[PDB]
Amino acid sequence: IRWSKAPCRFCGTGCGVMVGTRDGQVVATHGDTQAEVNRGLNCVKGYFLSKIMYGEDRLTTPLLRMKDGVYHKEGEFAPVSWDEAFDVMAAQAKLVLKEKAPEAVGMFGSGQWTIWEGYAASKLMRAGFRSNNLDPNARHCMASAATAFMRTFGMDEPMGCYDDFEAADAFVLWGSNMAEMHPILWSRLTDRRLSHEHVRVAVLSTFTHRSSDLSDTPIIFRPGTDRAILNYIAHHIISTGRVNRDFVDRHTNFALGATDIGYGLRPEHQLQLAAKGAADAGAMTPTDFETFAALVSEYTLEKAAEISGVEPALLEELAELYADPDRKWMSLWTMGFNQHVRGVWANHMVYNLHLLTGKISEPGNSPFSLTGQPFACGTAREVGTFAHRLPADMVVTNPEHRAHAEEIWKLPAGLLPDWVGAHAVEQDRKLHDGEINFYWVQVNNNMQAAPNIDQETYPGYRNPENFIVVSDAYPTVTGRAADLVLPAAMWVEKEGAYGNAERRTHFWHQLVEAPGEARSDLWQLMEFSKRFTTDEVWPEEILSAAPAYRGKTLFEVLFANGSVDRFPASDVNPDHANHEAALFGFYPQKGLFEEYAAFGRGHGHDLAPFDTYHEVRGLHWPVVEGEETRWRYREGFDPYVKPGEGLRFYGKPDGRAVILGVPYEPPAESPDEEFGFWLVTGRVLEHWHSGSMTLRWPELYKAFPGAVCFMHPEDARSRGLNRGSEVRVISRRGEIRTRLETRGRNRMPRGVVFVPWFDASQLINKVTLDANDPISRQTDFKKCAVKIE
Amino acid sequence: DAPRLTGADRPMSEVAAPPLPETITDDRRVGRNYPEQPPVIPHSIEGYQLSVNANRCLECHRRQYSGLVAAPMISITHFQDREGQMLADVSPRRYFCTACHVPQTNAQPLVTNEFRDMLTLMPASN
Ligand SMILES: Nc1nc2c(c(=O)[nH]1)N[C@H]1C(S)=C(S)[C@@H](COP(=O)(O)OP(=O)(O)OC[C@H]3O[C@@H](n4cnc5c(=O)[nH]c(N)nc54)[C@H](O)[C@@H]3O)O[C@H]1N2
Ligand SMILES: Nc1nc2c(c(=O)[nH]1)N[C@H]1C(S)=C(S)[C@@H](COP(=O)(O)OP(=O)(O)OC[C@H]3O[C@@H](n4cnc5c(=O)[nH]c(N)nc54)[C@H](O)[C@@H]3O)O[C@H]1N2
Ligand code: HEC
Ligand code: HEC
Ligand code: SF4
Ligand SMILES: [Mo]
Numbered sequence: 012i013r014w015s016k017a018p019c020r021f022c023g024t025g026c027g028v029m030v031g032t033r034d035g036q037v038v039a040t041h042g043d044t045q046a047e048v049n050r051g052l053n054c055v056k057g058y059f060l061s062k063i064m065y066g067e068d069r070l071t072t073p074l075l076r077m078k079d080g081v082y083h084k085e086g087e088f089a090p091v092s093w094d095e096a097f098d099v100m101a102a103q104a105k106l107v108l109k110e111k112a113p114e115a116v117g118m119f120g121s122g123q124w125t126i127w128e129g130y131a132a133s134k135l136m137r138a139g140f141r142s143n144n145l146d147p148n149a150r151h152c153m154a155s156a157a158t159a160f161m162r163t164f165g166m167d168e169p170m171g172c173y174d175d176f177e178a179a180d181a182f183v184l185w186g187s188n189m190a191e192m193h194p195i196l197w198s199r200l201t202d203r204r205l206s207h208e209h210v211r212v213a214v215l216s217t218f219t220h221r222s223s224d225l226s227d228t229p230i231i232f233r234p235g236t237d238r239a240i241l242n243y244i245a246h247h248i249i250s251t252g253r254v255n256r257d258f259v260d261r262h263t264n265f266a267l268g269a270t271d272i273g274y275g276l277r278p279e280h281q282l283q284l285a286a287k288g289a290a291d292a293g294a295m296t297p298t299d300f301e302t303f304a305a306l307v308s309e310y311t312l313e314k315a316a317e318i319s320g321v322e323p324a325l326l327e328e329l330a331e332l333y334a335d336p337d338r339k340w341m342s343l344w345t346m347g348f349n350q351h352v353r354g355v356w357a358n359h360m361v362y363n364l365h366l367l368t369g370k371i372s373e374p375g376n377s378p379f380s381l382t383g384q385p386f387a388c389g390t391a392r393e394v395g396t397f398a399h400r401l402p403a404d405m406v407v408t409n410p411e412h413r414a415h416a417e418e419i420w421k422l423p424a425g426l427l428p429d430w431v432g433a434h435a436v437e438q439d440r441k442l443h444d445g446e447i448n449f450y451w452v453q454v455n456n457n458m459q460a461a462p463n464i465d466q467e468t469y470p471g472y473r474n475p476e477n478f479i480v481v482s483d484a485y486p487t488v489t490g491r492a493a494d495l496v497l498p499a500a501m502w503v504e505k506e507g508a509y510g511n512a513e514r515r516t517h518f519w520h521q522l523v524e525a526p527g528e529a530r531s532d533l534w535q536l537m538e539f540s541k542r543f544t545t546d547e548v549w550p551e552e553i554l555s556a557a558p559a560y561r562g563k564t565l566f567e568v569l570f571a572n573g574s575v576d577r578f579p580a581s582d583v584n585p586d587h588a589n590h591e592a593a594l595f596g597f598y599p600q601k602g603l604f605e606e607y608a609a610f611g612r613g614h615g616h617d618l619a620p621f622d623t624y625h626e627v628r629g630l631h632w633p634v635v636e637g638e639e640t641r642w643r644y645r646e647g648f649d650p651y652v653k654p655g656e657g658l659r660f661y662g663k664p665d666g667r668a669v670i671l672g673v674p675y676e677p678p679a680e681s682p683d684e685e686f687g688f689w690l691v692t693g694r695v696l697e698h699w700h701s702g703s704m705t706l707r708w709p710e711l712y713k714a715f716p717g718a719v720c721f722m723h724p725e726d727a728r729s730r731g732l733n734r735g736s737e738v739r740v741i742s743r744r745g746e747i748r749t750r751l752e753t754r755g756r757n758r759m760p761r762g763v764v765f766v767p768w769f770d771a772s773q774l775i776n777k778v779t780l781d782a783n784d785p786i787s788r789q790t791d792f793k794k795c796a797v798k799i800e
Numbered sequence: 002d003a004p005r006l007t008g009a010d011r012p013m014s015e016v017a018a019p020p021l022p023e024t025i026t027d028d029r030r031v032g033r034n035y036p037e038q039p040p041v042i043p044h045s046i047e048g049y050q051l052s053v054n055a056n057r058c059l060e061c062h063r064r065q066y067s068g069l070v071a072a073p074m075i076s077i078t079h080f081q082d083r084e085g086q087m088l089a090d091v092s093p094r095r096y097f098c099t100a101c102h103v104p105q106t107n108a109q110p111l112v113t114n115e116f117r118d119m120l121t122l123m124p125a126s127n
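For the record, the sequence lines run as chains A and B. Residues 12 to 800 in the entry's author numbering are what the first sequence lists, from first letter to last. Residues 2 to 127 in the entry's author numbering are what the second sequence lists, from first letter to last.
Dropping the structure here:
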């Protein structure tokens with residue numbers, strides 16, 4: 012009966028959905044024909060959003076390990092009031108916050124948090140507990156891309172937008188699998204390809220999947236060798252004399268990257284000791300157009316081919332596309348480049364091809380970084396929910412930023428911490444060791460998501476000197492492995508906002524009430540605040556300086572600033588409820604949004620007025636004077652480019668984008684004689700990450716009940732294995748029993764195996780290696796050596 | 002159906018993986034709860050190819066015109082392009098069907114889903 016606007020709770024594509032509501036129940040989920048992203052189309056997971064909040068498990072009561080008898084890690088799980096739950100959870104905090112202090116409390120958020128949930132978190136962790144130990148799951152996802160963004164453009168997120176799909180002249184997919192992971196975007200790309208036969212698609216991959224089914228230039232390379240191919244193309248652009256001089260001369264700089272960087276592990280592990288130069292990593296050092304060209308020279312077509320395993324004719328096909336100065340290339344990449352021990356380099360290398368040719372910031376010509384989660388952009392990245400970051404591209408290191416944040420958050424000078432927090436991987440390690448003793452996990456299932464769980468994540472969560480809280484909406488292994496599990500109001504049970512891969516920030520009202528006693532993560536954060544006092548947590552010096560910050564309580568100081576209280580319980584659309592506004596007397600979202608909004612607005616990042624986002628189906632940001640920005644850094648398209656200019660990557664002072672000269676390097680772990688198979692890890696159309704939501708929607712579960720190992724039909728015959736055989740995927744770190752599936756969607760090359768990670772019964776992340784891209788610190792889940800019996 | 006792929010028994014312990022469930026080939030259409038709920042595929046997919054050069058599905062799922070009458074096999078909504086205009090045949094967006102239409106196996110849901118139907122807010126049953 013009642014249809015409400017809302018963005019898909021999954022994908023970074025950001026499709027608009029129209030939620031059907033009846034009697035406090037979501038009874039239908041259709042495609043929003045008024046949304047620019049999808050325009051009435053969703054994918055399987057989208058249409059079934061209706062069944063996501065309704066598994067019979069939905070956590071309804073906080074659960075502590077021992078109701079009475081006190082609380083014992085190694086206990087039971089018992090119902091317990093919110094107050095009780097917080098009472099215990101606050102005590103544990105205060106203690107840790109006195110024996111080892113801030114560098115011992117830690118949060119792990121997600122690109123699935125609402126814009127204001129990641130903001131309330133950033134605030135609470137930093138302005139409150141004075142700890143920059145806040146990192147997101149996006150660290151496993153967009154770090155690499157974000158990191159390269161700053162380095163090459165000095166500003167985060169893409170300069171293009173989905174509008175490119177319709178304008179492009181040919182698409183290059185660097186290891187992406189849009190067909191299954193960004194369906195509606197793949198639909199948009201397919202419509203362009205099939206509708207205009209002059210268009211050409213090239214998909215590169217480690218194995219053959221549903222995406223290289225639309226390809227005109229189908230390339231299957233060696234895990235990690237994409238680095239070489241990328242340089243060949245650069246060389247080819249240069250050798251054939253098709254560089255866009257006027258562009259390179261006017262809008263570019265060059266540089267060389269540190270070369271013996273070392274697979275982000277623990278110092279102690281060999282690879283790092285051998286890594287002369289792991290102490291810098293991300294060292295730039297300017298250069299010369301001439302030096303770059305010469306570095307790229309080493310990667311001859313003949314050589315690239317040798318390293319990848321691709322017939323040279325195909326690499327000539329690719330190279331050329333990226334070069335006829337009329338083909339509007341449109342490069343797209345997801346976790347293939349991001350979960351790469353040299354991901355930041357990869358990102359860098361794609362931009363180079365575009366910078367060299369001048370194919371950027373124009374409709375159709377664009378290097379688009381696809382983002383994974385719904386708001387890894389809108390929240391994690393933009394609000395800055397990473398260990399080293401603050402809103403609008405600001406760093407915790409820089410004092411001017413720190414100050415700026417302090418001025419807006421109405422805080423005493425020098426309050427915000429200068430130390431860089433523990434990143435995702437580190438966070439697990441510091442947990443294993445005993446450095447972080449209070450841990451709050453939110454909107455993620457890191458016990459399944461994180462790398463090497465058996466080595467450093469599981470023991471770290473069960474370390475008795477540690478207390479672990481997990482806010483979630485369903486059981487989950489992470490929760491099973493925690494000490495306090497707090498119930499959350501999910502998706503449409505709470506008013507929220509997200510930000511998709513093309514800078515589109517969209518909202519949604521609360522359409523239904525959460526089950527039992529569950530409450531939004533926003534609420535959880537804000538309420539847990541009401542427990543600490545400016546005495547208790549802040550340094551005395553700072554207090555001395557400012558009396559009004561004595562007693563108070565982190566809340567009056569963080570959410571009752573008279574800034575976030577600004578707006579009344581009215582101002583909230585007559586229709587539509589808001590549990591976080593019925594409790595509390597203000598309207599949190601509006602307050603947080605508009606406060607957080609002040610960080611951008613002016614300096615790029617312009618968000619529109621809060622209320623506007625509720626009347627429209629998103630606006631891609633710098634929204635200046637109520638007008639969205641499709642292409643950034645182009646005069647006429649971007650308003651931050653001054654009249655007499657053309658292009659100006661204004662993130663950089665000189666307004667020139669960097670071209671990095673970087674060398675191919677090998678993956679942390681390659682197959683041996685003992686472990687002959689490549690272990691590629693990924694996803695499947697029907698399931699979202701942990702399957703905590705999709706494995707509960709019946710049609711999705713039935714469609715693909717459990718995880719499976721994709722293998723080559725002959726690599727099986729040989730070992731005397733058939734389809735359906737119960738195999739052991741083994742590593743120096745762990746084993747799983749999945750069943751073999753040859754003849755499935757993913758057609759593996761000999762020596763390569765693929766297993767999706769949505770199944771908690773089959774924790775592949777026990778098998779996976781802890782290695783990261785030493786610059787971005789994004790772990791690499793796409794390759795390691797594994798044996799099968 | 003094994004250790005709640007949802008909760009994982011005493012985690013990381015060592016779990017046996019049940020055998021692949023078998024696809025449901027019995028050609029019976031299933032029945033949905035709301036318009037726009039993608040029908041499930043009641044038959045096999047296996048050898049069916051969806052590529053730049055062919056779409057096995059469109060071979061059986063099409064609408065006949067040129068004056069003749071045959072039973073409809075795709076809804077005309079599969080003819081509208083971005084912008085909603087109705088093209089004279091299935092539009093390329095929609096070409097890769099496997100993106101929205103999923104086949105199904107004999108698998109017992111690890112947990113019941115209390116999603117309710119629009120008419121008679123009774124837990125849905127198809
Ligand atoms: N092997 C391997 N591991 C990987 C990757 C890979 O490619 N291979 N991919 C990595 C990447 S890119 C990513 S993005 C991460 C994703 O890893 P996670 O962030 O762990 O993924 P999800 O399972 O979606 O976890 C979302 C959690 O949200 C809960 N939830 C749903 N709604 C709410 C809510 O409103 N509030 C709260 N508090 N909880 C809620 C769900 O039950 C679930 O536990 O995985 C990473 N891990
Ligand atoms: N159904 C569904 N879709 C999703 C999600 C989900 O949970 N379910 N997750 C969303 C999120 S959070 C994310 S981050 C995206 C991830 O989207 P993708 O990155 O498309 O997802 P994966 O399936 O993990 O695909 C792994 C990819 O790794 C490539 N690959 C392996 N090794 C290499 C390498 O060395 N170099 C390169 N260049 N490529 C390599 C393979 O060819 C393959 O396409 O998916 C989004 N889409
Ligand atoms: C999402 C973008 C889709 C793609 C791609 C395809 N289909 Fe579809 N289909 C979709 C929806 C939302 C619905 C409506 C379900 C409801 O309950 O209202 C359908 C329905 C069908 C049907 C049933 C038609 C009927 O009149 O009952 C058929 C036979 C069908 N779809 C076929 C089909 C084929 C062959 C496709 C590939 C070319 C295809 N669909 C793609 C959504 C989407
Ligand atoms: C010929 C055999 C084919 C091919 C190649 C495909 N389908 Fe199917 N399909 C076929 C029949 C005879 C029926 C039952 C038709 C009827 O009752 O009129 C179907 C049905 C479906 C459905 C469900 C439709 C409904 O409930 O109304 C779907 C979703 C479906 N088929 C999908 C589908 C896809 C995606 C295909 C390509 C991989 C495909 N079919 C091929 C017969 C045939
Ligand atoms: S493509 Fe992504 S956003 Fe669109 S419906 Fe599918 S899952 Fe949701
Ligand atoms: Mo992601």
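Think of the CB as a built atom: it goes at the ideal place given N, C-alpha and C, for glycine as much as any other residue.
Asked                                                                                                               : Found
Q283 of chain A beta carbon near ligand 7 (any heavy atom closer than 7 angstroms)                                  : The model on display carries ligand 1, ligand 2, ligand 3, ligand 4, ligand 5 and ligand 6 but not ligand 7.
Those residues, in chain order, that have a beta-carbon closer than 5 angstroms to some heavy atom of ligand 5      : A:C19, A:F21, A:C22, A:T24, A:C26, A:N53, A:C54, A:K56, A:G57, A:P194, A:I195
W185 of chain A to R95 of chain B span [Cα, whole Å]                                                                : 23 angstroms
Residues from the stretch 424-451 of chain A in contact with chain B, defined by Cβ distance under 8 angstroms      : none
For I77 of chain B, the first and last residue of its enclosing alpha helix (DSSP H)                                : Where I77 of chain B is concerned, there is no enclosing alpha helix (DSSP H), given that its DSSP letter is neither H nor E.
The alpha helix (DSSP H) enclosing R440 of chain A, as first and last residue numbers                               : 435-444
Length of the line joining the Cα atoms of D617 of chain A and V635 of chain A                                      : 6 angstroms
Pairwise C-alpha distance: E725 of chain A and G120 of chain A                                                      : 43 angstroms
Minimum Cβ-Cβ distance from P40 of chain B to chain A less than 8 angstroms                                         : no
Contact residues within the stretch 88-102 of chain B, judged by C-beta distance below 9 angstroms to chain A       : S92, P93, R94, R95, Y96, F97, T99, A100, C101, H102
Local Cβ density within 10 Å of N584 of chain A, reported as buried at 16 or more and exposed below that            : exposed
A435 of chain A to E60 of chain B span [Cα, whole Å]                                                                : 49 angstroms
Span of the beta strand (DSSP E) around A492 of chain A                                                             : Per DSSP, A492 of chain A belongs to no beta strand (DSSP E) and is neither H nor E.
3 or more residues per run - each beta strand (DSSP E) lying fully within the stretch 700-772 of chain A            : 719-721, 737-741, 746-752, 763-767
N188 of chain A versus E446 of chain A - alpha carbon distance                                                      : 38 angstroms
DSSP-derived helix/strand/coil call for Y96 of chain B                                                              : coil
Contact check, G25 of chain A vs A512 of chain A, beta carbons under 8 angstroms                                    : yes
Span separating the alpha-carbon of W451 of chain A from that of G86 of chain A                                     : 19 angstroms
Members of the stretch 706-719 of chain A that neighbour chain B once the beta carbon cut-off is set at 9 angstroms : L706, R707, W708, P709, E710, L711, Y712, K713, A714, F715, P716, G717, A718, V719
Chain-ordered residues of the stretch 673-698 of chain A with a beta carbon less than 9 angstroms from chain B      : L696, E697
Closer than 7 angstroms: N242 of chain A CB and nearest ligand 2 heavy atom                                         : no
Any non-hydrogen atom of ligand 1 closer than 7 angstroms to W699 of chain A Cβ                                     : yes
Within-8 angstroms CB hit, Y35 of chain B to chain A                                                                : yes
As assigned by DSSP and simplified to three states, the class of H517 of chain A                                    : strand
Rounded C-alpha distance that separates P169 of chain A from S380 of chain A                                        : 7 angstroms
Cβ-Cβ separation, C152 of chain A to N349 of chain A (assumed contact under 8 angstroms), whole Å                   : 6 angstroms
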